[PDB]
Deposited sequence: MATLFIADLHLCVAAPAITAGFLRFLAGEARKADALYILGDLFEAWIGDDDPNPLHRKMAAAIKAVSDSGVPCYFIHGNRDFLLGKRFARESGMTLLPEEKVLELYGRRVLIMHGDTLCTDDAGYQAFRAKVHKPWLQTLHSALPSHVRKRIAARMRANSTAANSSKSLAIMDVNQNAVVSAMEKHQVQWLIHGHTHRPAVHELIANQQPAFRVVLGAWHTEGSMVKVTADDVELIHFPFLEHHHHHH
């Protein structure tokens, strides 16, 4: 089984969530084929080496999952888009681009945080370099945050991303509204599975060869 979670918004002031995440990593995650964390794992992020005991503890708990044989992957959210390679190495996670297609048990599945779907130069390299100065997953987040500091997902964006990636399944979070949506893409049926935030209960998408399901579980 391949597991997907997001929107934990971990912080020192919310230790029950952190405890529930540790239980998850030490139990369910150990039995998975892989674990995908689709952004907003932390409420905020600046420096990979910030003095934060919470960061050290989470990195070691995640690294203990991957060390046990369960690969771990991370797609940045709008809260933790500065999380970098150093922390990925500390935690044993692979960082993924803002949109990624997986081949899960014969099916193509698009994963992303979901904020780039909203829910509120190229020809010349020397010129292109200037635009790609920061990784795309940082450039778009920084621009949106700056605009929002100065002053539901868009359906056209959903379709457009599923036709661009030739995909009938999409998993994301960000909106904090867990649900399963049906739609049309690529002249076929398509589905968009939305994760929930961990403010009061955990949630995951569990994908197997036979089933996908959106599951909620208490922190215990």
Review point. What ranges of the deposited sequence, counted from 1, have no C-alpha atoms in this structure?
Key: 1, 122-130, 162-172, 242-248
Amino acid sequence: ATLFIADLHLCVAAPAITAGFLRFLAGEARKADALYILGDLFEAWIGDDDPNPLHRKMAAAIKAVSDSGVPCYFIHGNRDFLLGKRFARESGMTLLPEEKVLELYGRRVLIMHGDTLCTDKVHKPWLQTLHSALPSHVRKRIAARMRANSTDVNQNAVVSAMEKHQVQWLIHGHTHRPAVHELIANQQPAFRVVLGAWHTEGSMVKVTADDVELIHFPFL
From here on, numbers count along this sequence of modelled residues.
Check your understanding: Mean C-alpha B factor from the entry: is it higher for 54-62 or for 159-167?
Key -> 159-167
Review point. Quick one: higher average CA temperature factor, 102-110 or 89-97?
Key: 102-110
Practice item. Determine which member of 195, 46, 153, 70 has the highest CA B-factor, using the values in the deposited entry. Key: 153
Check your understanding: Looking at 127, 138, 146, 83, which has the highest CA B-factor as recorded?
Key -> 127
Review point. What third of the chain, by the recorded C-alpha B-factor, contains residue 23?
Key: middle
Point to revise | residue 32 - which third its CA temperature factor falls in, relative to the rest of the chain | key: middle
**Study point:** Position of residue 173 among the chain's modelled residues by C-alpha B-factor, lowest, middle or highest third
**Key:** lowest
**Study point:** residue 3 by Cα B-factor - lowest, middle or highest third of the modelled chain
**Key:** lowest
Review point. Residue 10's Cα B-factor: lowest, middle or highest third of the chain?
Key: lowest
